[PDB]
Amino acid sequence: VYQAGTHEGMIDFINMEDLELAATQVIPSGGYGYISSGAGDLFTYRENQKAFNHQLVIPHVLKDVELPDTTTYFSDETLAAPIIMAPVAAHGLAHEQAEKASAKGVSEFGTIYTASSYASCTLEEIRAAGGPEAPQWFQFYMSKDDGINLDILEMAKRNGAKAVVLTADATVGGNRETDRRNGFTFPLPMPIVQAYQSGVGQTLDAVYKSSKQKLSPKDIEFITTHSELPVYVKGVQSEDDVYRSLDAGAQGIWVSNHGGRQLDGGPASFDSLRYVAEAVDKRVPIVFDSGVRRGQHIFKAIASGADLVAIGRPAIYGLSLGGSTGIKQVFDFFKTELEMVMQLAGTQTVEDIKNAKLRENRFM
């Protein structure tokens, strides 16, 4: 039987590196491999974290700043910080309480929770665990069947999703050789997608191949027609992808390379953010992820055109060790680091971060 973390309470860590190492003591080796590794030779995965020092934050002086405020007004939401939970499959790999513990902790921190289509809990359980006022978005892995897609969108609406995130960069799985070496299969059901995917004993290759490969702009139009929720396209890393998305009626862009898990030999997401921000030209909101481990990474992404930054692996490691308490402590780590960076950079508010000018590193 697969046994994940069970602790609910405060965890001891300094940074996200010793947290990642500590989680190896509570997550079974196959599950830890699935969470921790990446595609191919890991060039793109390693570049994600390195890329934040391609651009340098200037520690300005005499900026008349104290008690910097991370409070973020986004649509009709008031977030504690411009930091949100990325959609991550199967939280039962990390903690017995799974998405109930992660939705509760992210609700208590006070920010957006993005639910995965491949969750180990129902969306009804995720909504119940966060509470009725918790801001929640729905990440969509589409079926090949449009009847099933209508049913999943009506289900997202019933559960008060405020946006639909169409993940478009995992039409098939990457060459994840750690999962191959481990013979990884999912241990739990995937109730949200149960009409097309059973989860238990399935390879990640089989799971992604059960979803829709032939995604196109018509899929954005389908979601608009049948849900009337704003659509974010996730995995956007070029101008061409921005224009395809906006022309089809997308109301948000989510810059990502899937945490280096997909196409090895592609760019770091932070480098792609420059190209995407120029193409979007503030027409719609931008979410950014992949490689974020420090407050300075969040600051640099927002200065470079992101409106929100999403957290993946670090949140899952905190969940494994401390449940709702532990995942909230990870969000608090990022908020506390962002407050330090804001004071030393000279930015009183999140809007001031957007107006900061980074220096390109000519000696990387």
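Residue indices: 1-based, along the sequence shown.
- Comparing 227 to 235 with 161 to 169, the stretch with the higher mean C-alpha B-factor in the PDB entry is 227 to 235.
- Averaged over Cα atoms, the B-factor as recorded in the entry is higher for 123 to 131 than for the other of 269 to 277 and 123 to 131.
- Per the PDB record, 190 has a higher Cα B-factor than any other of 215, 190, 83, 242.
- The top Cα temperature factor in the record, among 155, 88, 263, 287, falls on 155.
- When all modelled residues of the chain are sorted by CA temperature factor, residue 293 is found within the lowest third.
- The entry lists a Cα temperature factor for residue 202 that places it in the highest third of the chain's modelled residues.
- Remark: residue 323 belongs to the middle third of its chain, ranked by C-alpha B-factor as recorded.
- The deposited CA B-factor of residue 329 belongs to the middle third of values across its chain.
- Per the deposited record, the Cα B-factor of residue 103 falls in the middle third when ranked against the other modelled residues of its chain.
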